[PDB]
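Student: Encoded as structure tokens, here's the structure I'll be asking about.
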Amino acid sequence: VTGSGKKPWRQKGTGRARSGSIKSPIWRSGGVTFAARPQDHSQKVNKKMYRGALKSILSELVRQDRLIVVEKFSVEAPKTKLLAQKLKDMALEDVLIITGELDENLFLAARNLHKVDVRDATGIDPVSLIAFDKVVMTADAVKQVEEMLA
Amino acid sequence: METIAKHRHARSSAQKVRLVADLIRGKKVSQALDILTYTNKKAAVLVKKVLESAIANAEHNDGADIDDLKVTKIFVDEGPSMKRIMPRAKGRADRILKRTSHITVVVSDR
Amino acid sequence: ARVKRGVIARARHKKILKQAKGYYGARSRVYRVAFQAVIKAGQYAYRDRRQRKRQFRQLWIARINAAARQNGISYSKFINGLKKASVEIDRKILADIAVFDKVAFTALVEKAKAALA
Amino acid sequence: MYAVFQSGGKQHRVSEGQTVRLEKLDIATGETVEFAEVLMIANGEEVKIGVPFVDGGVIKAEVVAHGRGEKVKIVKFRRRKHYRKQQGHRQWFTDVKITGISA
Amino acid sequence: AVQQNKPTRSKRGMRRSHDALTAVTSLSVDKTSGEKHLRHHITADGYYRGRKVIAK
Amino acid sequence: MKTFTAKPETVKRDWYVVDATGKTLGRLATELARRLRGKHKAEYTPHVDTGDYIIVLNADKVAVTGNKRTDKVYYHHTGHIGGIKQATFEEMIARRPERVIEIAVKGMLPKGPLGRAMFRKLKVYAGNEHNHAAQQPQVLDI
RNA sequence: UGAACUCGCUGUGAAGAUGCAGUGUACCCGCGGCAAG
RNA sequence: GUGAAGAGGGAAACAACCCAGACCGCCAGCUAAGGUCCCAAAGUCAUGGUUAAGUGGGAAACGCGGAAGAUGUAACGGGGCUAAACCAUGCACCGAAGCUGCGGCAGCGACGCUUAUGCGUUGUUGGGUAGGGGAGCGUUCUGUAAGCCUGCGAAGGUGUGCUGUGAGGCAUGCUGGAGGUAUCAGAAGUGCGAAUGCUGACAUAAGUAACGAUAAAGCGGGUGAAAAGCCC
RNA sequence: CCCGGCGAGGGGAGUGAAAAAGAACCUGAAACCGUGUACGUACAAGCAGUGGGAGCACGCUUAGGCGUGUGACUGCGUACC
């Protein structure tokens with residue numbers, strides 16, 4: 001705390017409590033008994049734990065029918081309107097397009113929309129998987145997820 | 001009929017002016033005017049000015065015939081107080097509170 | 001992250017002031033003084049809850065003894081006669097009957113005397 | 001015309017047509033209840049019990065309320081022993097109206 | 001020489017009860033001018049006992 | 001249910017006349033105080049004055065067993081430099097005989113506003129004549 | 001300046017009681033003084 | 001053995017003496033020590049006795065005396081008692097949060113059974129300092145959550161009725177005006193009543209001291225609403 | 001516009017959703033000081049309350065209490081770390 005260590009008043013004779021400096025926690029223009037520090041909050045999770053959690057999430061989605069398997073899912077042109085039509089035809093609103101290979105057309109089409117988000121099989125997180133209402137898969141995406149999970 | 005008149009940030013103190021306020025609380029204008037005129041207080045003239053303002057407001061902004069007017073609700077309350085510093089013996093400093101009072105007068109026919 | 005306690009302090013102080021409401025002087029305005037009054041008042045209420053039983057018991061004792069001596073018999077003799085006659089009316093009801101219906105109390109004392117004799 | 005009877009561990013004296021508050025009962029809020037344990041019945045003349053619960057005296061009542069009493073705060077506070085304890089209580093009450101008295 | 005504890009507002013009011021002032025309630029009206037003035041005091045314009053005394 | 005309590009407005013207080021001739025001071029004062037406190041009635045309430053009015057006559061005819069006739073000493077302090085005064089029962093009777101029984105009753109009765117009220121209810125007269133016949137004070141046998 | 005609806009005596013009490021139990025006394029509220037607490 | 005770490009009743013008032021160990025509620029009964037003339041709840045209870053002393057309700061060697069202290073009776077609590085003082089016996093009443101009668105909460109071990117939980121149950125315990133263990137309430141923000149409420153009215157403020165053993169929660173009368181946030185998890189500068197704890201405002205003494213060398217102001221006229229203090 | 005002292009300040013008029021949004025100005029709480037209503041208070045002593053508790057002033061259906069405020073009186077009660 002910016003300031004000085006000078007005693008505000010002499011320790012003896014005064015009718016006020018014992019004070020050593022203006023920076024004390026019970027003083028103003030400075031204090032804070034326990035000042036926070038920049039610290040890393042990352043919590044390490046084992047690779048086996050992460051893989052098991054991902055497998056459990058996939059199994060739960062399959063059981064609840066939140067995972068829909070489909071064939072090639074591509075857009076002819078990077079048109080958000082075309083993507084919206086292709087999702088409204090099947091009546092899907094909150095969706096994660098998990099694809100084996102990332103295509104710029106679909107990525108650009110889905111970037112603007114927030115309810116529909118595109119991701120690659122490698123780039124998947126359990127938090128997003130569970131949060132998204134539905135997850136639509138491709139054959140290659142399923143095969144590579146299976147081989148990665150082992 | 002309210003014809004309320006209030007004087008704010010008065011120099012006098014609320015404690016001092018409450019005496020004058022209670023002197024005329026519930027009396028008629030005819031007696032109150034002379035009572036304030038012959039009262040030996042600065043608060044007397046301070047409250048007389050407010051009473052005159054109330055009577056004039058009743059006469060102009062509302063019904064005439066101010067003769068049948070009685071001060072129904074007269075009161076005084078402390079307002080903002082100014083702080084000053086005064087030296088004393090042995091280098092001490094004391095704080096002087098210049099007090100101000102708002103005086104409110106409501107006079108009605110009934 | 002700052003967690004301002006103004007709202008909680010206001011709520012607790014208002015609750016304590018409401019509990020202390022009705023007291024005299026600063027006991028009903030100052031939280032630091034009102035709070036102590038509420039605890040002492042509650043302690044007194046807890047004690048007086050038990051005290052009420054004994055106070056009413058002795059009040060009924062006095063009422064029944066007074067009525068019996070008015071008719072000319074001791075309270076202990078009255079109770080002994082009632083027990084011998086198998087009268088299970090409690091002291092509260094005995095006092096209430098003595099207050100309201102004098103004929104009922106006269107019958108009670110007559111039966112007590114008959115049982116004693 | 002007033003009857004004294006024991007209902008919920010305490011004896012109540014009630015006149016005809018009035019209402020009495022007593023301990024909670026396992027009776028519906030709109031149901032009739034009977035009290036054959038009438039300890040005393042009084043009228044212009046006096047009839048007393050040589051044996052408790054008379055012989056044929058009976059009181060018929062109709063339940064009106066099955067409520068809870070006013071909130072009572074129990075506070076324990078130990079002086080200089082660092083202890084304060086708070087509790088709330090609302091004793092259940094059954095209110096009935098005495099609709100009939102027998103002889 | 002100093003208070004052992006602060007008095008109460010009730011005690012302050014008890015002390016101040018006698019501090020209240022008193023109204024004259026003795027207004028007098030001039031016989032000639034017919035104007036309100038304190039008894040034995042000359043009027044604002046300068047009339048006393050009917051006859052003017054200040055001549056100003 | 002709810003407790004009955006005597007209501008001061010609807011209270012009937014009888015009137016009695018008691019002669020203190022040949023009566024023990026303490027025993028007579030006991031009965032007088034019981035009557036004043038209403039412990040002879042089925043309507044007494046600790047916070048309500050329910051007792052009857054008693055008029056004591058021949059207050060100079062009280063009797064005390066043993067040497068209490070002269071050994072008894074009544075002390076009183078006037079709250080002054082050395083104002084403590086003692087007077088025996090004979091002195092009290094000579095000056096005014098009412099005060100001995102009045103002090104007896106005051107010490108017999110509880111202290112407080114209600115105690116003062118019941119003490120006022122009592123009316124003492126040194127002589128055998130009283131001017132309260134308008135209340136029909138039937139003589140009490142005790 | 002913890003708060004007071006702020007009288008004296010006896011005995012007690014962390015051992016010198018305005019507030020404990022008893023006792024006696026005391027209309028409520030200001031003003032000029034002494035300073036035992 | 002008690003306080004510390006136990007409240008309650010008696011000793012008037014007194015932790016350590018006596019009876020008695022408060023899980024919570026009910027305007028029920030009983031009893032322990034201790035009381036039954038009253039203050040102040042209960043026997044002016046009985047029988048056979050002593051006491052003439054206010055002993056009871058302070059004290060020895062000696063023959064009721066011995067026995068005198070200081071603010072006020074002050075060595076029964078008092079009134080007062082010649083039995084209302086003391087010895088022996090009996091029968092009755094009062095007497096605590098102690099026990100019993102009813103209702104409500106929970107741990108512990110069990111068996112008859114439900115088996116991640118009810119119990120047709122069974123017995124008991126639940127004063128508690130330091131301390132040890134377990135179970136919960138209040139708030140900021142993050143994911144949940146670009147979801148939900150929301151200008152036909154959020155939050156704060158200000159009262160009310162319910163609700164749980166409780167921290168608090170719920171809905172609503174008025175100001176308010178655009179923000180708040182379900183449930184489950186994550187982290188706290190996360191809950192203030194004292195540390196002669198700090199900052200800002202207001203009581204208090206109190207409309208009291210004081211209004212600052214005891215060189216000394218007044219009168220006629222003038223301005224001004226106000227003149228003893230401004231000007232001639 | 002009016003009063004007030006060609007002041008300060010306030011009552012009218014207008015602006016503005018809002019003027020207890022008026023520059024001392026968003027929301028406007030407590031300590032503290034007042035106004036009005038109802039009660040208690042000038043014969044009664046003490047951690048100021050509590051259990052009981054009559055009366056008084058306000059409303060209700062019923063014609064008795066029930067709801068709030070005051071609460072004389074009575075037993076107990078020598079604050080907190």
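The way I read the labels, and the way they are meant: chains A, B, ... in the order of the structure tokens, residue 1 as the first residue of every chain, and ligand 1 as the first ligand shown, with later ones counted on from there.
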Just asking: which residues within chain E are helix (DSSP H, G or I) according to DSSP, as a ChimeraX atom specification?

Tutor: /E:9-19

Student: Residues near residue 46 in chain E, anyone? I mean within 9 Å using only C-alpha atoms (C1' of nucleotides), not counting same-chain ones fewer than 5 positions away, as a PDB file with N, CA and C atoms, in the first residue's frame.

Tutor:
ATOM      1  N   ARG E  51     -53.489  61.331  22.780  1.00  0.00           N
ATOM      2  CA  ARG E  51     -52.718  62.477  22.316  1.00  0.00           C
ATOM      3  C   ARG E  51     -51.374  62.018  21.764  1.00  0.00           C
ATOM      4  N   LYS E  52     -51.013  62.531  20.590  1.00  0.00           N
ATOM      5  CA  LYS E  52     -49.707  62.242  20.014  1.00  0.00           C
ATOM      6  C   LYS E  52     -48.609  62.853  20.874  1.00  0.00           C
ATOM      7  N   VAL E  53     -47.492  62.139  20.991  1.00  0.00           N
ATOM      8  CA  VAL E  53     -46.409  62.557  21.870  1.00  0.00           C
ATOM      9  C   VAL E  53     -45.086  62.744  21.145  1.00  0.00           C
ATOM     10  N   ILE E  54     -44.867  62.096  20.004  1.00  0.00           N
ATOM     11  CA  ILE E  54     -43.586  62.219  19.315  1.00  0.00           C
ATOM     12  C   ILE E  54     -43.575  63.396  18.340  1.00  0.00           C
ATOM     13  N   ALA E  55     -44.720  63.727  17.743  1.00  0.00           N
ATOM     14  CA  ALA E  55     -44.816  64.832  16.791  1.00  0.00           C
ATOM     15  C   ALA E  55     -43.787  64.675  15.673  1.00  0.00           C
ATOM     16  N   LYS E  56     -43.713  63.465  15.130  1.00  0.00           N
ATOM     17  CA  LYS E  56     -42.746  63.147  14.085  1.00  0.00           C
ATOM     18  C   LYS E  56     -43.244  61.989  13.226  1.00  0.00           C
TER      19      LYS E  56
END

Student: What's around residue 205 in chain H at 8 Å? Count only C-alpha atoms (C1' of nucleotides), leave out sequence neighbours fewer than 3 positions away in its own chain, and write the answer as a ChimeraX atom specification.

Tutor: /E:2-3,6

Student: Would you mind exporting the chosen residues as a compact mmCIF listing (two decimals), in the first residue's frame, restricted to N, CA and C atoms?

Tutor:
# COMPACT_ATOMS: atom_id res chain seq x y z
N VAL E 2 -18.18 16.13 35.60
CA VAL E 2 -18.64 15.70 34.29
C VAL E 2 -19.62 14.55 34.46
N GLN E 3 -20.45 14.35 33.45
CA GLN E 3 -21.49 13.33 33.51
C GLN E 3 -20.89 11.93 33.55
N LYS E 6 -24.67 9.86 29.65
CA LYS E 6 -25.50 10.85 28.97
C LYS E 6 -26.92 10.81 29.53

Student: Quick one: which chain E residues come within 9 Å of chain C, and what is the nearest atom pair for each with the distance in Å to one decimal, counting only C-alpha atoms, rows ordered by chain and ascending number, as CSV?

Tutor:
residue,atom,partner,partner_atom,distance
E:8,CA,C:25,CA,7.4
E:9,CA,C:25,CA,8.0
E:10,CA,C:25,CA,7.8

Student: Would you output that residue set with N, CA, C and O atoms, as an mmCIF file, in the first residue's frame?

Tutor:
data_model
loop_
_atom_site.group_PDB
_atom_site.id
_atom_site.type_symbol
_atom_site.label_atom_id
_atom_site.label_comp_id
_atom_site.auth_asym_id
_atom_site.auth_seq_id
_atom_site.Cartn_x
_atom_site.Cartn_y
_atom_site.Cartn_z
ATOM 1 N N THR E 8 -31.147 11.327 29.344
ATOM 2 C CA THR E 8 -32.124 10.875 28.368
ATOM 3 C C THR E 8 -32.839 12.070 27.751
ATOM 4 O O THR E 8 -32.910 13.153 28.339
ATOM 5 N N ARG E 9 -33.363 11.865 26.541
ATOM 6 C CA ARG E 9 -34.186 12.898 25.923
ATOM 7 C C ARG E 9 -35.395 13.224 26.788
ATOM 8 O O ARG E 9 -35.869 14.365 26.788
ATOM 9 N N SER E 10 -35.898 12.243 27.541
ATOM 10 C CA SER E 10 -36.980 12.515 28.480
ATOM 11 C C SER E 10 -36.538 13.523 29.536
ATOM 12 O O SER E 10 -37.262 14.478 29.840
#

Student: So that each row is one residue of chain B with an atom at most 8 Å from chain E, can you give its shortest atom pair and the distance in Å to one decimal, using only C-alpha atoms, rows by chain and rising number, as JSON lines?

Tutor:
{"residue": "B:19", "atom": "CA", "partner": "E:20", "partner_atom": "CA", "distance": 6.1}
{"residue": "B:20", "atom": "CA", "partner": "E:21", "partner_atom": "CA", "distance": 7.9}
{"residue": "B:23", "atom": "CA", "partner": "E:23", "partner_atom": "CA", "distance": 6.4}
{"residue": "B:34", "atom": "CA", "partner": "E:36", "partner_atom": "CA", "distance": 7.1}
{"residue": "B:35", "atom": "CA", "partner": "E:23", "partner_atom": "CA", "distance": 7.3}
{"residue": "B:38", "atom": "CA", "partner": "E:38", "partner_atom": "CA", "distance": 7.4}

Student: Keeping only C-alpha atoms, write the selected residues as a PDB file, in the first residue's frame.

Tutor:
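See selection_39.pdb below for the written result:
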ATOM      1  CA  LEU B  19     -40.609  28.872  21.271  1.00  0.00           C
ATOM      2  CA  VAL B  20     -42.036  31.539  18.958  1.00  0.00           C
ATOM      3  CA  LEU B  23     -46.365  30.944  21.059  1.00  0.00           C
ATOM      4  CA  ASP B  34     -49.365  41.828  17.046  1.00  0.00           C
ATOM      5  CA  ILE B  35     -47.883  39.036  19.177  1.00  0.00           C
ATOM      6  CA  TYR B  38     -44.261  42.920  20.143  1.00  0.00           C
TER       7      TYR B  38
END

Student: To one decimal in Å, tell me the separation between CA of residue 109 in chain C and CA of residue 141 in chain F.

Tutor: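 Atom-to-atom, CA of residue 109 in chain C and CA of residue 141 in chain F are spaced 21.8 Å apart.
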
Student: Define the interface residues of chain C facing chain D as those within 8 Å, counting only C-alpha atoms, and report them as number ranges by chain.

Tutor: C: 39, 42-43, 46, 85-90, 93, 103-104, 107

Student: Considering only strand (DSSP E or B) as DSSP defines it on the backbone, what residues of chain B qualify? List them as a PyMOL selection string.

Tutor: chain B and resi 5-10+28+70-78+82-87+93-98+101-108

Student: Just the selected residues (C-alpha atoms), exported as a tab-separated table (two decimals), in the first residue's frame, please.

Tutor:
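Okay, again10.tsv is ready:
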chain	number	residue	atom	x	y	z
B	5	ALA	CA	-45.46	28.95	3.37
B	6	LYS	CA	-42.02	27.74	4.45
B	7	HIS	CA	-38.77	29.64	4.98
B	8	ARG	CA	-35.67	27.46	4.65
B	9	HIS	CA	-32.03	27.92	5.65
B	10	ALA	CA	-32.98	30.44	8.33
B	28	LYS	CA	-55.77	33.66	14.84
B	70	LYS	CA	-56.14	30.67	11.76
B	71	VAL	CA	-52.62	29.23	11.77
B	72	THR	CA	-53.51	25.55	11.93
B	73	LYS	CA	-50.10	23.86	11.46
B	74	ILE	CA	-46.94	25.79	12.41
B	75	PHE	CA	-43.67	23.96	13.03
B	76	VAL	CA	-39.89	24.26	12.77
B	77	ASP	CA	-37.26	21.64	11.97
B	78	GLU	CA	-33.47	21.64	11.76
B	82	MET	CA	-22.50	24.61	8.74
B	83	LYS	CA	-19.23	23.63	10.42
B	84	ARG	CA	-16.52	26.08	11.48
B	85	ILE	CA	-13.23	25.73	13.36
B	86	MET	CA	-12.46	27.81	16.46
B	87	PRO	CA	-9.09	27.89	18.27
B	93	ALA	CA	-9.59	23.29	18.14
B	94	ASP	CA	-13.35	22.99	18.59
B	95	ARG	CA	-16.09	22.70	15.97
B	96	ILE	CA	-18.83	25.35	15.92
B	97	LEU	CA	-22.15	24.28	14.39
B	98	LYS	CA	-23.96	27.17	12.71
B	101	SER	CA	-34.01	25.88	10.72
B	102	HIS	CA	-36.86	25.55	8.24
B	103	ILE	CA	-40.05	27.20	9.53
B	104	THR	CA	-43.32	26.01	7.98
B	105	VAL	CA	-46.67	27.76	8.48
B	106	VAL	CA	-50.02	26.44	7.24
B	107	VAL	CA	-52.99	28.76	7.84
B	108	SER	CA	-56.58	27.84	6.97

Student: Can you pull out every residue within 9 Å of residue 86 in chain H, counting only C-alpha atoms (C1' of nucleotides), but drop anything in the same chain fewer than 2 positions away, and send it as a PyMOL selection string?

Tutor: chain H and resi 50-51+56

Student: Counting only C-alpha atoms (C1' of nucleotides), a student should be able to say which residues of chain H come within 7 Å of chain F; what is the right answer, written as a list in words?

Tutor: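 Result: residues 37, 38, 39, 72, 73, 78, 79, 80 and 82 of chain H.
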
Student: Output as a PyMOL selection string the set of chain H residues within 12 Å of chain A, with distances taken over only C-alpha atoms (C1' of nucleotides).

Tutor: chain H and resi 143-147+186-189+195-199

Student: Take the residues from that selection and write them out as a PDB file, in the first residue's frame, keeping C-alpha atoms (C1' of nucleotides).

Tutor:
ATOM      1  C1'   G H 143     -21.030 -23.167 -15.800  1.00  0.00           C
ATOM      2  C1'   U H 144     -25.840 -24.462 -15.981  1.00  0.00           C
ATOM      3  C1'   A H 145     -27.654 -19.559 -18.492  1.00  0.00           C
ATOM      4  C1'   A H 146     -27.911 -15.692 -25.701  1.00  0.00           C
ATOM      5  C1'   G H 147     -32.213 -20.213 -20.672  1.00  0.00           C
ATOM      6  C1'   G H 186     -17.027 -24.085  -8.285  1.00  0.00           C
ATOM      7  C1'   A H 187     -13.998 -19.905  -5.330  1.00  0.00           C
ATOM      8  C1'   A H 188     -14.530 -16.525  -1.313  1.00  0.00           C
ATOM      9  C1'   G H 189     -11.247  -9.850   0.913  1.00  0.00           C
ATOM     10  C1'   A H 195     -10.090  -4.996  19.969  1.00  0.00           C
ATOM     11  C1'   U H 196      -8.856   3.038  24.725  1.00  0.00           C
ATOM     12  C1'   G H 197     -10.608  -0.813  16.399  1.00  0.00           C
ATOM     13  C1'   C H 198     -10.679   3.820  11.518  1.00  0.00           C
ATOM     14  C1'   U H 199     -13.729   7.157   8.324  1.00  0.00           C
TER      15        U H 199
END

Student: Quote the spacing between CA of residue 56 in chain C and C1' of residue 75 in chain I in Å to one decimal place.

Tutor: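 So the answer is 11.0 Å.
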
Student: Would you work out the distance separating CA of residue 99 in chain D from CA of residue 2 in chain D, expressed in Å to one decimal?

Tutor: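 We find that CA of residue 99 in chain D and CA of residue 2 in chain D lie 12.1 Å from each other.
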
Student: Could you tell me which of F:98, F:19, F:49, F:91 comes closest to chain I if we count only C-alpha atoms (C1' of nucleotides)?

Tutor: F:49

Student: Could you pull the residues within 12 Å of residue 20 in chain G, counting only C-alpha atoms (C1' of nucleotides), minus those fewer than 6 positions along the same chain, as a list in words?

Tutor: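 With the cut-off at 12 Å, the set is residues 11, 12 and 13 of chain G; 12, 13 and 14 of chain H; 46, 77 and 78 of chain I.
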
Student: Can you tell me which residues surround residue 16 in chain C at a distance of at most 10 Å, considering only C-alpha atoms (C1' of nucleotides), apart from same-chain residues fewer than 3 positions away, and format the answer as number ranges by chain?

Tutor: C: 10-13, 19-21, 28, 30-32, 34-39
